[PDB]
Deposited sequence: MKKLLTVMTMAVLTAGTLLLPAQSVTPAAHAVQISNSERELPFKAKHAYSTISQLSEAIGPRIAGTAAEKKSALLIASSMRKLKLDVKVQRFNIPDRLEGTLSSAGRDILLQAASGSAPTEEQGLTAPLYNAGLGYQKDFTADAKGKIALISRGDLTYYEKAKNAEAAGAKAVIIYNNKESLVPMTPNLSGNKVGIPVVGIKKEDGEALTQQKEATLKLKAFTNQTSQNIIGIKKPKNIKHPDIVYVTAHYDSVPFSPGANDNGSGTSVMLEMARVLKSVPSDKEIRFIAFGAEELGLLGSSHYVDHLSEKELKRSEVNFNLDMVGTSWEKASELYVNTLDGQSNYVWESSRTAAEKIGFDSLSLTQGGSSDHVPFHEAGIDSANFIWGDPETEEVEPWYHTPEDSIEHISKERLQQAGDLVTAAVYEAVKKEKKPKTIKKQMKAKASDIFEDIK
């Protein structure tokens, strides 16, 4: 029947998350404020809401200087802090960070490594095995912000930081640098779970509609992923008055940008009973960009194969007349823990129909509401709402499929 998804509602939610709150870094007060907002919104929708808390890694922050130049940095989660006075050591130019690039001269020095070829972890691991005191990785691409040198969930015993291209290029000419990094401990995040349960069905099939509500540092996260969070909530509003024998769980996942930490926690804590009842996960991540080229709505499965999510989406696209739906392979969002547990899942995201690429604003301060399209929210919202309606109406992954920006 009629499913009045309204993108204006989603836009309003994106404004609340990305403008009134701003960047929602995992573990920070902004993410906790966002969780309160999402929980409050779900309760308005007649949902049974719980907040599920979980520990996340220490958060590293600090500064870097050399020859009087202060350099903005982003510290890698899972690397070491410094003493409060900071770590001062000579710089060692290690090129791209292959094993061959570390001579005996590297021991006791801060390894300066250009991004490229190798993963950030491989670079940091090669430097540490070579006796480096710390690792500075500088971007090989221009960017508004220093790159995060994501370590693919590994732990490194020395500091690892990422800096901008022009800063690293200057650093290749300097003798030494000082790094000051503090670890903030006791970090926690949370998931917000709102359940629409059928009143007199015993052990119903479970359908998950999910989106992560955290963003990367310095990004307002309007599209990644205020958009998916907002479309998930508006779909919950639409489906509130839809009878169903399925148990529908709408979930806002925390700490996705650190490696799917919230969805991994959530799926890990499902009982075996719930896993057997688990039917399908529709994950929404980046569904509102205004970027003109991102005209194709992709359905990403971890193996690129069809599953129940694709079937329902294919059917929905036919019912609403939408011809720019494509099935493709992709991980690195919260559908992945569901897939690993054997539950049909997929991630919905707009992409360049030529190449699948996303907007240039991704993971930058320009991931802002200025670059959100209500028409894209509306079309994505109408498609996934119809797909979930089709599903509910009555009658281990490799590191590069888990993490984002690992090289």
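Deposited sequence positions missing from the model - stretches, numbered from 1, in order: Several stretches lack coordinates - namely 1-38, 434-443, in sequence order.
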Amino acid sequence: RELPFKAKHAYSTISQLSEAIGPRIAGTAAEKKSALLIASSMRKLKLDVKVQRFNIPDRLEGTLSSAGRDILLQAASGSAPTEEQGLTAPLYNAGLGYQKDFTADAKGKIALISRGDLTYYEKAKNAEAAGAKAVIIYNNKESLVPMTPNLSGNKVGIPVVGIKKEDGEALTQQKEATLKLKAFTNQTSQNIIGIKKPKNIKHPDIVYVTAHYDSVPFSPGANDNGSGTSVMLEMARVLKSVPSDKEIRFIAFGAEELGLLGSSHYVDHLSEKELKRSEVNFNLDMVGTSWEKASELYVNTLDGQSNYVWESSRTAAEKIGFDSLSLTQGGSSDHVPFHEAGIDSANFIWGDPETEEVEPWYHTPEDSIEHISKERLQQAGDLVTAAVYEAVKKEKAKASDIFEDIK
From here on, numbers count along this sequence of modelled residues.
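Higher-B stretch (mean Cα B-factor, as the entry records it), 309-317 or 327-335: Averaged over C-alpha atoms, the B-factors run higher in 309-317.
Stretch exceeding the other in mean C-alpha B-factor - 221-229, 98-106: It is 98-106.
Of the residues 234, 285, 214, 128, the one carrying the largest Cα B-factor as recorded: Comparing C-alpha B-factors across 234, 285, 214, 128, the maximum falls on 128.
Among 14, 383, 25, 397 - the residue whose C-alpha B-factor is largest in the record: Of the candidates given, the C-alpha B-factor peaks at 397.
Chain thirds of CA B-factor: placement of residue 45: Top third by C-alpha B-factor.
Residue 20 by Cα B-factor - lowest, middle or highest third of the modelled chain: It falls in the top third of the chain.
Chain-wide C-alpha B factor ranking for residue 366, given as lowest, middle or highest third: Lowest third.
Residue 51 CA temperature factor, ranked by third within the chain: For residue 51, the deposited C-alpha B-factor lands in the middle third.
Lowest, middle or highest third - CA B-factor, residue 168: Its C-alpha B-factor belongs to the middle third of this chain's values.
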